[PDB]
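Chemist: Supplied in structure tokens, the structure appears directly below.
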Amino acid sequence: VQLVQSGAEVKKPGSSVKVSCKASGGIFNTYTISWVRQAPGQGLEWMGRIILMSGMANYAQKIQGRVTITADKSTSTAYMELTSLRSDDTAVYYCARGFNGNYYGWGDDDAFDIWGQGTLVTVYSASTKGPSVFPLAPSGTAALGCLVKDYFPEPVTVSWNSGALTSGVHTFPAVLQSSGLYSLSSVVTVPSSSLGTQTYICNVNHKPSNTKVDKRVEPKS
Amino acid sequence: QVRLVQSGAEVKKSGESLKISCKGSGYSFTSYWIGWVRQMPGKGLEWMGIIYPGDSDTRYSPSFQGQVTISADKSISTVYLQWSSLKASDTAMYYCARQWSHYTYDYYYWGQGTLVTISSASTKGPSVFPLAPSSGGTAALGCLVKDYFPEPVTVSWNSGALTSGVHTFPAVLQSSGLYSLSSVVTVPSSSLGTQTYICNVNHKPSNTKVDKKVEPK
Amino acid sequence: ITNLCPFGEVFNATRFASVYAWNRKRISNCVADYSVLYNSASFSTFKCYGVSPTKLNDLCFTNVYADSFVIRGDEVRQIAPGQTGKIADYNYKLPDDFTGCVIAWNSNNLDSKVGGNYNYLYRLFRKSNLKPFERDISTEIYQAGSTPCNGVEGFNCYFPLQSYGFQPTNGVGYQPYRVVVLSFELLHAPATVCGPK
Amino acid sequence: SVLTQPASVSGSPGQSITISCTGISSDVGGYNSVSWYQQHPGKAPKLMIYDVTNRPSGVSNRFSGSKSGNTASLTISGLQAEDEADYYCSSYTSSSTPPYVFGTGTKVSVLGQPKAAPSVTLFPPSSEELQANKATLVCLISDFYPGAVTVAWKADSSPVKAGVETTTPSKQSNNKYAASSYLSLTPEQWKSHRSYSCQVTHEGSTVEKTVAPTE
Amino acid sequence: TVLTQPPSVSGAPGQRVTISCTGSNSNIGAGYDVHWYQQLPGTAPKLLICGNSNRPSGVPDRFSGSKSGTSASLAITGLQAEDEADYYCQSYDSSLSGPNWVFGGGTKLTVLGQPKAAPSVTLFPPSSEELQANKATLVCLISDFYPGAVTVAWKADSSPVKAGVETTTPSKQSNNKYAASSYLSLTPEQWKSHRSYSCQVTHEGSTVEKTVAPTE
Ligand SMILES: *[C@@H]1O[C@H](CO)[C@@H](O)[C@H](O)[C@H]1NC(C)=O
């Protein structure tokens with residue numbers, strides 16, 4: 001028993017996407033189809049179920065009015081149409097059939113036994129935004145750094161003193177905010193005695209937005 | 001397939017304990033009532049009572065309430081019938097039986113039956129009494145062979161010289177546990193005051209021999 | 001037989017029974033179109049035992065038994081073999097070897113009213129669990145304590161029936177569901193209920 | 001409460017007989033059922049009619065059931081030799097104590113030869129027996145076909161019940177049947193009454209012999 | 001609605017770990033069956049346990065499930081490399097006006113291929129520059145830890161704050177240990193109105209809390 005889903009989709013925001021899922025084997029033990037979505041590096045979210053024999057569909061509160069689930073009893077295919085797309089709609093969309101080893105048919109205790117391979121839907125905005133850059137001042141050795149805030153898309157590159165400073169530099173992998181923008185931090189460990197005699201500039205480049213910032217990180221007074 | 005297998009035939013004496021059994025196969029033993037039915041010799045069917053073995057819940061017929069115990073054993077799929085002190089009147093064939101379905105209540109499934117024979121009396125030789133004739137034609141005279149145990153008896157007439165017209169009836173098993181029996185012979189009426197009629201009763205188990213002469217009234 | 005099985009009489013009854021006093025409708029000598037049931041977009045639950053919803057229209061039975069009543073949503077799971085809970089224990093018990101289908105649908109819009117609908121009852125207390133298909137309608141005061149009740153309600157002396165109080169704003173597990181259990185009987189006898197040949 | 005059937009019925013191969021069954025109560029509040037069973041000698045009863053009219057597979061046609069108010073009825077159409085058995089009426093009422101009741105029973109005879117009326121011989125207690133402080137009235141019944149009789153006793157005119165031992169019929173060598181019935185009394189009971197009476201019923205026909213203490 | 005799983009669980013080859021699933025009286029507590037799912041790195045979820053404790057064919061003997069009260073639990077004995085995955089518990093929920101199927105947050109299970117490394121934490125308060133731009137971010141930087149699973153809790157004075165927090169999934173450094181970072185967004189007026197703010201980092205049952213204050 002196979003569940004075969006339609007190919008990956010790249011859509012723009014406010015768009016519509018209709019993903020497919022065909023069964024292969026028989027209805028002889030396939031009664032419900034559920035859709036479950038997973039945003040990259042996230043958990044699973046049940047989206048909806050359709051009862052294959054009757055076409056009655058039940059949707060998650062989260063997507064009520066943005067989703068419809070249909071089925072075609074002849075081709076054993078179920079469909080999932082997601083309207084008015086958003087950035088955080090980017091996810092892998094799985095179809096799955098209900099199962100329970102106690103009864104034949106459908107019930108509340110149905111586990112998803114067979115899964116589709118998955119359909120990744122990417123909601124792509126070709127937009128750009130340049131970073132705001134802020135100094136993370138230090139209080140042996142001292143940590144100081146740059147905060148690179150609210151840029152899109154990836155990547156930004158960071159260097160210290162035009163690349164003259166390599167020792168003890170840690171540029172952290174960026175965070176994807178729920179606003180769809182990225183934020184990044186780069187920290188360097190330097191001698192305390194060099195503070196207020198060595199100037200520390202961090203060089204942020206963001207090619208996508210044609211922005212360069214050279215940010216002077218000085219000890220607070 | 002549903003089957004009820006009962007324990008073998010029991011032969012007991014008055015006062016003894018008895019536990020007969022009924023083991024069920026082929027179905028969910030704990031999901032159905034089991035019924036016991038009694039059939040005394042030559043008599044009809046009596047519903048004794050039911051047990052639900054998954055629970056040991058029992059309903060007794062008012063008749064059998066307090067004279068028998070019905071019990072269960074989930075684990076071996078067996079249902080029992082229990083006496084403390086058997087009467088002779090407990091002599092019967094016993095059936096366990098089950099409904100057809102959860103919805104059809106008629107006893108469709110039956111055991112094979114277990115025969116329970118309660119013997120009451122010890123070896124006793126019979127008493128013998130003349131059955132005198134009344135008054136061409138025939139007269140009927142005979143011998144009453146009363147109160148003996150066990151079977152059989154041998155009746156002959158005139159030491160076996162007389163056989164035609166002889167009818168020795170099969171013996172009644174009395175409630176007292178003892179046997180009684182009759183033997184009549186049909187003879188001409190022109191013989192009553194001539195031919196002597198003697199019946200020779202022989203009870204081999206007791207080792208008793210009685211000769212009783214049957215004289216006109 | 002051209003006779004069509006009177007499923008309408010059961011599923012579309014308008015009045016439905018409390019669980020404790022569940023109705024039974026014998027179904028005999030007709031052709032059953034189970035298609036009418038499994039095609040309906042009403043049934044949130046359709047659990048079949050020893051039988052398959054697909055297989056239904058190709059199957060023959062001696063008789064069919066339709067038991068119907070109303071319960072809470074959370075209790076739908078209890079209308080099944082080998083279950084426990086106030087309903088399976090005290091109200092409606094299926095046997096381990098049950099053959100049939102359990103069909104349930106949400107009836108909030110029918111069986112709920114603002115302020116709560118207190119008509120539908122269930123048995124909260126019993127001295128022992130029901131045997132399968134047993135139906136207890138008695139209202140003997142239940143002795144919870146050590147004092148005899150003598151048919152008087154009071155402390156440790158409870159009326160055995162409780163109201164559901166279905167109100168439309170409840171969560172589903174506390175919304176009313178109508179349930180029909182179809183029992184499929186199979187005796188060594190000619191069948192009277194078959195699917196479309 | 002108690003279901004009454006006729007003690008026996010009979011017919012010859014090809015004929016139709018009808019066993020009646022009387023005294024069936026019911027409750028609409030619970031489940032009910034009226035069943036017929038057939039029992040061959042030494043064997044468990046077989047269900048012949050369930051749910052008043054319905055018939056199992058493997059059970060021949062010919063057999064049919066019906067009910068009128070409180071009276072159920074079984075009809076064996078086109079009698080065959082294998083039909084010779086005892087037949088029992090049965091009722092279930094879920095809310096009765098007892099729930100299950102079996103009828104009084106009916107012996108069906110399928111006549112393999114012509115019907116033969118019984119000859120009855122009645123013997124008073126011998127004076128020799130009355131000396132031993134006992135009394136037995138012997139009622140011997142022979143040469144009847146088919147092998148089904150009821151024997152009822154009468155003192156003066158009203159029936160006796162206690163001290164009545166009766167054999168079941170047994171086939172003679174000529175293929176007719178013989179039975180006996182004994183009535184135990186005290187010599188006190190015997191001498192006091194006007195007369196005792198042995199009454200034999202065979203095939204709806206009655207034979208009554210009477211013996212008197214004073215002779 | 002959500003079921004409550006631990007975010008991270010770890011074990012060495014051959015050991016036994018458990019993953020807990022906590023719900024309410026609308027799900028597990030109501031008596032609804034709990035199902036477990038196993039998701040290996042770049043693959044679809046697999047049914048691991050159905051109906052509390054029953055295993056589908058082709059699922060090793062060493063997996064077992066149990067349910068009790070409002071809680072479920074998955075047990076993996078003698079775990080091996082193949083067991084490193086995300087584990088989801090799942091049941092039904094009857095709280096809302098409609099049917100609701102509900103998953104846990106997931107549990108990352110690390111098969112320990114390397115000795116544990118405790119995290120280094122650096123906390124930066126908002127810069128003056130940012131405060132002048134009428135914004136405020138606290139920066140928490142976490143590095144050199146193994147296994148690569150950490151959880152971060154922000155606090156204002158004593159009180160936890162859940163709003164305006166963004167945290168990275170940890171990622172391997174070149175040294176094979178992991179780095180992660182967490183940001184707390186405030187208004188300058190929020191920042192100013194507490195005595196201090198804390199970044200609290202939990203890793204394998206141990207905790208580092210660094211604290212910054214406006215008035216220093
Ligand atoms: C109940 O009524 C609905 C709508 O009128 C109909 O579709 C259905 O067939 C009826 N119920 C049955 C099973 O007859």
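Chain identifiers are assigned as A, B, and so on, following the order in which chains appear in the structure tokens; residues are numbered from 1 within each chain, and ligands are numbered from 1 in order of appearance.
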Show me, as JSON, numbers by chain, the residues that have an atom within 8 Å of stretch 102-113 of chain C when counting only C-alpha atoms, minus same-chain residues fewer than 6 positions from it.

Modeler: {"C": [42, 43, 44, 45, 46, 47, 48, 73, 76, 79, 80, 166, 167, 168, 175, 176, 177, 178, 179, 180, 181, 182]}

Chemist: For ligand 1, collect every residue having any atom at a distance of at most 9 Å from a ligand atom (counting only C-alpha atoms and all ligand atoms); output as a ChimeraX atom specification.

Modeler: /C:5-13,33-37,40

Chemist: Counting only C-alpha atoms, which residue out of A:208, A:92, A:21, A:106 sits closest to residue A:56?

Modeler: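 Checking each of A:208, A:92, A:21, A:106 against residue A:56, counting only C-alpha atoms, the winner is A:106.
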
Chemist: Given only C-alpha atoms, how would the per-residue table for chain D near chain B read, listing every residue at most 6 Å away with its closest atom pair and distance in Å to one decimal, sorted by chain and number, as a tab-separated table?

Modeler:
residue	atom	partner	partner_atom	distance
D:44	CA	B:112	CA	5.9
D:47	CA	B:108	CA	5.7
D:98	CA	B:61	CA	5.2
D:105	CA	B:44	CA	6.0
D:167	CA	B:172	CA	5.1

Chemist: Fewer than 2 positions away in the same chain doesn't count, so skip those; otherwise give me all residues within 9 Å of residue A:114, counting only C-alpha atoms, as a list in words.

Modeler: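 My list of contacting residues is residues 1, 2, 3, 95, 96, 97, 98, 99, 112 and 116 of chain A; 46 and 47 of chain E.
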
Chemist: With chain D as the partner and 7 Å as the cut-off, tabulate the residues of chain C that qualify, each row holding the nearest pair of atoms and their distance in Å to one decimal, using only C-alpha atoms, sorted by chain and rising number, as CSV.

Modeler:
residue,atom,partner,partner_atom,distance
C:188,CA,D:57,CA,5.7
C:189,CA,D:57,CA,4.5
C:190,CA,D:57,CA,6.6

Chemist: Compile the contact shell of residue D:83 as an MDAnalysis selection string: residues with an atom at most 9 Å away, counting only C-alpha atoms, same-chain residues fewer than 5 positions apart removed.

Modeler: chainID D and resid 38 40 76 108:110

Chemist: Between atom CA of residue A:73 and atom CA of residue A:58, what is the distance, to one decimal in Å?

Modeler: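 Computing the Euclidean distance for atom CA of residue A:73 and atom CA of residue A:58 yields 17.4 Å.
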
Chemist: Using DSSP on the backbone, list every residue of stretch 77-165 of chain D that comes out as helix (DSSP H, G or I), and give them as a list in words.

Modeler: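 Reading the DSSP output for stretch 77-165 of chain D, helix (DSSP H, G or I) covers residues 81, 82, 83, 127, 128, 129, 130 and 131 of chain D.
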
Chemist: Skip stretch 69-78 of chain B itself and residues of its chain fewer than 2 positions away, then list as a VMD selection string all residues within 8 Å of it, counting only C-alpha atoms.

Modeler: chain B and resid 21 to 25 29 to 30 49 to 54 56 58 66 to 67 80 to 83

Chemist: With only C-alpha atoms considered, list every residue of chain C at most 10 Å from chain B, as a PDB file with N, CA and C atoms, in the first residue's frame.

Modeler:
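In the end it all went to iface-v4.pdb:
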ATOM      1  N   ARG C  26     -35.309  -4.910  15.521  1.00  0.00           N
ATOM      2  CA  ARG C  26     -35.033  -6.123  14.771  1.00  0.00           C
ATOM      3  C   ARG C  26     -35.187  -5.806  13.288  1.00  0.00           C
ATOM      4  N   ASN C  63     -30.246 -12.283  10.653  1.00  0.00           N
ATOM      5  CA  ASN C  63     -30.974 -11.132  11.165  1.00  0.00           C
ATOM      6  C   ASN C  63     -29.981 -10.015  11.472  1.00  0.00           C
ATOM      7  N   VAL C  64     -30.498  -8.787  11.577  1.00  0.00           N
ATOM      8  CA  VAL C  64     -29.698  -7.640  11.975  1.00  0.00           C
ATOM      9  C   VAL C  64     -30.415  -6.952  13.131  1.00  0.00           C
ATOM     10  N   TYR C  65     -29.631  -6.446  14.097  1.00  0.00           N
ATOM     11  CA  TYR C  65     -30.174  -5.802  15.282  1.00  0.00           C
ATOM     12  C   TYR C  65     -29.582  -4.404  15.430  1.00  0.00           C
ATOM     13  N   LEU C  94     -21.004  -4.335  24.865  1.00  0.00           N
ATOM     14  CA  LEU C  94     -20.826  -5.238  23.741  1.00  0.00           C
ATOM     15  C   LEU C  94     -20.022  -6.446  24.209  1.00  0.00           C
ATOM     16  N   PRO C  95     -20.237  -7.648  23.622  1.00  0.00           N
ATOM     17  CA  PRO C  95     -19.451  -8.834  23.969  1.00  0.00           C
ATOM     18  C   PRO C  95     -18.119  -8.886  23.227  1.00  0.00           C
ATOM     19  N   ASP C  96     -17.201  -9.722  23.733  1.00  0.00           N
ATOM     20  CA  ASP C  96     -15.865  -9.877  23.177  1.00  0.00           C
ATOM     21  C   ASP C  96     -15.929 -10.372  21.732  1.00  0.00           C
ATOM     22  N   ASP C  97     -16.959 -11.160  21.403  1.00  0.00           N
ATOM     23  CA  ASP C  97     -17.040 -11.844  20.121  1.00  0.00           C
ATOM     24  C   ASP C  97     -18.027 -11.130  19.200  1.00  0.00           C
ATOM     25  N   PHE C  98     -18.332  -9.871  19.531  1.00  0.00           N
ATOM     26  CA  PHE C  98     -19.312  -9.072  18.815  1.00  0.00           C
ATOM     27  C   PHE C  98     -18.988  -9.025  17.324  1.00  0.00           C
ATOM     28  N   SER C 128     -22.829  -3.905  40.070  1.00  0.00           N
ATOM     29  CA  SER C 128     -21.972  -4.740  39.242  1.00  0.00           C
ATOM     30  C   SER C 128     -22.091  -4.334  37.775  1.00  0.00           C
ATOM     31  N   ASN C 129     -21.115  -4.769  36.973  1.00  0.00           N
ATOM     32  CA  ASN C 129     -21.102  -4.477  35.550  1.00  0.00           C
ATOM     33  C   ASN C 129     -22.218  -5.255  34.859  1.00  0.00           C
ATOM     34  N   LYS C 131     -23.819  -7.542  31.953  1.00  0.00           N
ATOM     35  CA  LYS C 131     -23.494  -8.564  30.975  1.00  0.00           C
ATOM     36  C   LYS C 131     -23.836  -8.018  29.587  1.00  0.00           C
ATOM     37  N   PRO C 132     -23.226  -8.527  28.491  1.00  0.00           N
ATOM     38  CA  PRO C 132     -23.450  -7.963  27.160  1.00  0.00           C
ATOM     39  C   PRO C 132     -24.927  -7.940  26.775  1.00  0.00           C
ATOM     40  N   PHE C 133     -25.373  -6.789  26.256  1.00  0.00           N
ATOM     41  CA  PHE C 133     -26.725  -6.585  25.753  1.00  0.00           C
ATOM     42  C   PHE C 133     -27.753  -6.593  26.883  1.00  0.00           C
ATOM     43  N   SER C 183     -25.895  -5.115  14.899  1.00  0.00           N
ATOM     44  CA  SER C 183     -25.465  -6.470  15.193  1.00  0.00           C
ATOM     45  C   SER C 183     -25.778  -7.358  13.998  1.00  0.00           C
ATOM     46  N   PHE C 184     -24.779  -8.127  13.560  1.00  0.00           N
ATOM     47  CA  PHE C 184     -24.959  -9.053  12.457  1.00  0.00           C
ATOM     48  C   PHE C 184     -24.948 -10.479  12.997  1.00  0.00           C
ATOM     49  N   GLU C 185     -26.126 -11.115  12.960  1.00  0.00           N
ATOM     50  CA  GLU C 185     -26.340 -12.460  13.467  1.00  0.00           C
ATOM     51  C   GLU C 185     -26.152 -13.458  12.329  1.00  0.00           C
ATOM     52  N   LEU C 186     -25.536 -14.604  12.646  1.00  0.00           N
ATOM     53  CA  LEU C 186     -25.233 -15.617  11.649  1.00  0.00           C
ATOM     54  C   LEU C 186     -25.477 -17.007  12.235  1.00  0.00           C
ATOM     55  N   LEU C 187     -26.699 -17.517  12.035  1.00  0.00           N
ATOM     56  CA  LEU C 187     -27.091 -18.828  12.526  1.00  0.00           C
ATOM     57  C   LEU C 187     -27.022 -19.827  11.376  1.00  0.00           C
ATOM     58  N   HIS C 188     -26.889 -21.116  11.715  1.00  0.00           N
ATOM     59  CA  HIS C 188     -27.007 -22.185  10.737  1.00  0.00           C
ATOM     60  C   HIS C 188     -28.473 -22.292  10.321  1.00  0.00           C
TER      61      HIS C 188
END

Chemist: Give me, as a VMD selection string, the contact residues of chain E against chain C at a cut-off of 12 Å, counting only C-alpha atoms.

Modeler: chain E and resid 25 to 33 92 to 100

Chemist: Would you pick out the contacts of stretch 123-137 of chain E at 10 Å or less, using only C-alpha atoms, so that residues sharing its chain but fewer than 2 positions from it are not included, and give the list as JSON, numbers by chain?

Modeler: {"A": [132, 133, 134, 135, 136, 137, 138, 139, 143, 144, 145, 147, 149, 220], "E": [121, 139, 140, 141, 142, 164, 165, 181, 182, 183, 184, 185, 186, 187, 188, 189, 190, 191, 196, 197, 198, 199, 200, 209, 210, 211, 212, 213, 214, 216]}

Chemist: For the residues in that selection, give me C-alpha atoms as an mmCIF file, in the first residue's frame.

Modeler:
data_model
loop_
_atom_site.group_PDB
_atom_site.id
_atom_site.type_symbol
_atom_site.label_atom_id
_atom_site.label_comp_id
_atom_site.auth_asym_id
_atom_site.auth_seq_id
_atom_site.Cartn_x
_atom_site.Cartn_y
_atom_site.Cartn_z
ATOM 1 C CA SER A 132 20.985 46.868 11.118
ATOM 2 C CA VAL A 133 24.351 46.483 12.848
ATOM 3 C CA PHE A 134 24.882 47.118 16.569
ATOM 4 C CA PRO A 135 28.023 46.897 18.778
ATOM 5 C CA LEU A 136 28.144 44.333 21.566
ATOM 6 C CA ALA A 137 30.555 46.126 23.909
ATOM 7 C CA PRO A 138 32.798 44.269 26.428
ATOM 8 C CA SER A 139 32.394 44.731 30.207
ATOM 9 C CA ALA A 143 34.324 39.159 24.629
ATOM 10 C CA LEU A 144 33.016 41.803 22.235
ATOM 11 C CA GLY A 145 30.887 41.437 19.116
ATOM 12 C CA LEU A 147 24.681 42.025 16.317
ATOM 13 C CA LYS A 149 19.749 42.235 12.823
ATOM 14 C CA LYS A 220 31.511 51.480 27.333
ATOM 15 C CA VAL E 121 27.223 31.093 27.707
ATOM 16 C CA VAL E 139 21.912 38.292 22.917
ATOM 17 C CA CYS E 140 22.618 34.874 24.435
ATOM 18 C CA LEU E 141 25.430 32.915 22.772
ATOM 19 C CA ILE E 142 25.862 29.206 23.558
ATOM 20 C CA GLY E 164 9.805 37.925 21.630
ATOM 21 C CA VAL E 165 12.204 34.971 21.922
ATOM 22 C CA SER E 181 22.050 31.399 20.097
ATOM 23 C CA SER E 182 18.898 32.960 21.557
ATOM 24 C CA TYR E 183 17.523 36.508 21.241
ATOM 25 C CA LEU E 184 15.017 38.370 23.436
ATOM 26 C CA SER E 185 13.270 41.388 21.890
ATOM 27 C CA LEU E 186 12.094 44.152 24.227
ATOM 28 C CA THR E 187 10.894 47.702 23.963
ATOM 29 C CA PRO E 188 13.445 50.099 25.570
ATOM 30 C CA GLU E 189 10.649 50.799 28.048
ATOM 31 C CA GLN E 190 10.337 47.104 28.974
ATOM 32 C CA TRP E 191 14.125 46.772 29.380
ATOM 33 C CA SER E 196 17.489 42.575 35.504
ATOM 34 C CA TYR E 197 17.023 40.021 32.710
ATOM 35 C CA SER E 198 18.314 36.441 32.682
ATOM 36 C CA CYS E 199 19.239 33.943 29.987
ATOM 37 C CA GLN E 200 18.962 30.444 31.468
ATOM 38 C CA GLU E 209 22.130 31.451 34.056
ATOM 39 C CA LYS E 210 23.762 34.748 33.053
ATOM 40 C CA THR E 211 22.113 38.011 34.150
ATOM 41 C CA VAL E 212 22.301 41.575 32.794
ATOM 42 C CA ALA E 213 20.780 44.747 34.247
ATOM 43 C CA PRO E 214 19.953 48.202 32.747
ATOM 44 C CA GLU E 216 24.980 48.711 35.113
#
